[PDB]
């Protein structure tokens, strides 16, 4: 809703088309939105995510032309791709490593929002739509990893459908419904294939609302000071048109990301993988060194941190008359960790949007960034001492940050004055 100039048809074909379908007008108003001039390199992760979604889709459809969703043929058909399909090995490594790139980008994307207050009013809808997208990504990536039907595929599917068995009363029904039987078998693989195909299209639809959402409010910027809308004169001092200024910056940044990404795929495509998924699914043996996908490790670490010996768990079990045991508590803790992050617009009670001008907030934020890395690292360690405590301390801080620090900080902190306008910060 910033003041800006509108489209005008010039060619005879444009005048002809615009009076019938203003599709060029729609592309113009999208690509020429006045965007704050002072955006830094942390605003590129949206395009990286956009590229990933297309990459996964284009490699996905291609991979689905050679893959067989049957327990007897799935694993072999992926090796058929690697060995026999023209360029199949490269298309496979691109799809697989593309998922990692997809997840590197959201975590950087998410923490960008958490630092600069891109979730605070008027941007709640953008954030919530983002959270729905995030759940869809996890569900998609989970089901994709099951399709090769390796050892990690099979037992990850056993465990993750098992999450739903922890709901009191209805848990066993949901699990059977997801599995299509008493255990992970062909019915499970077959339905995961259909749903792995569907959800990327749902994400694309959600991304459309996502773009519409922050186009309606206007992009946040590093200062947290909104663009002046009282006149076109002062809107222009805060902004530059999205095209060409930020298109070229996106294409440039994207080329640098792909330079690294293609070096990984070309020269170390298996670094981010688990060697055990090159072993055929064995329903009778779980590998000793079973570990989740790296982008799942933080939430995995939280769940398994809550054992029967944990103090807060024993209180929960007693107060809840046994309903909340360590098993279900860990599931609540894991989905609760994502939910409190979804609720961050209503838990951060500070009126200062950008954390750049919040001295105490910076400390606890960088602890959260460090904590998220700790959780990822501990996810790959054994459950013996001291890692068991490290995952408990890390889990405790995650919930404390959203549920205690952020509400308290907004009613105690003495923030620094932000700039008067976006123009002031850019010139500095």
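Residue numbers count along the first chain shown, from 1.
> Could you check the entry and say whether 392-400 or 62-70 has the higher mean CA B-factor?
The recorded data point to 392-400.
> Compare the mean C-alpha B-factor of 237-245 with that of 95-103 as given in the PDB entry, and name the stretch with the higher value.
Higher mean C-alpha B-factor: 237-245.
> Which of these, 274, 80, 353, 191, has its C-alpha atom at the highest B-factor, as the entry lists it?
Comparing C-alpha B-factors across 274, 80, 353, 191, the top value belongs to 353.
> Whose CA atom has the top B-factor in the entry, of 162, 122, 283, 181?
Of the options given, 122 has the highest CA B-factor in the PDB entry.
> Compared with the other modelled residues in the chain, in which third is the CA B-factor of residue 84?
It falls in the bottom third of the chain.
> Taking the values exactly as deposited, rank residue 295 by C-alpha B-factor within its chain and report the matching third: lowest, middle or highest.
Its C-alpha B-factor, which the entry lists for residue 295, ranks in the lowest third among residues of this chain.
> Should residue 325 be placed in the lowest, middle or highest third of its chain by the C-alpha B factor in the entry?
Within its chain, residue 325 is a middle-third residue by C-alpha B-factor, going by the deposited values.
> In terms of the CA temperature factor given in the entry, to which third of its chain does residue 185 belong: lowest, middle or highest?
For residue 185, whose C-alpha B-factor we compare with every modelled residue in the chain, the answer is the lowest third.
> If you rank the chain by CA B-factor, which third does residue 51 end up in: lowest, middle or highest?
It belongs to the lowest third of the chain when residues are ordered by C-alpha B-factor.
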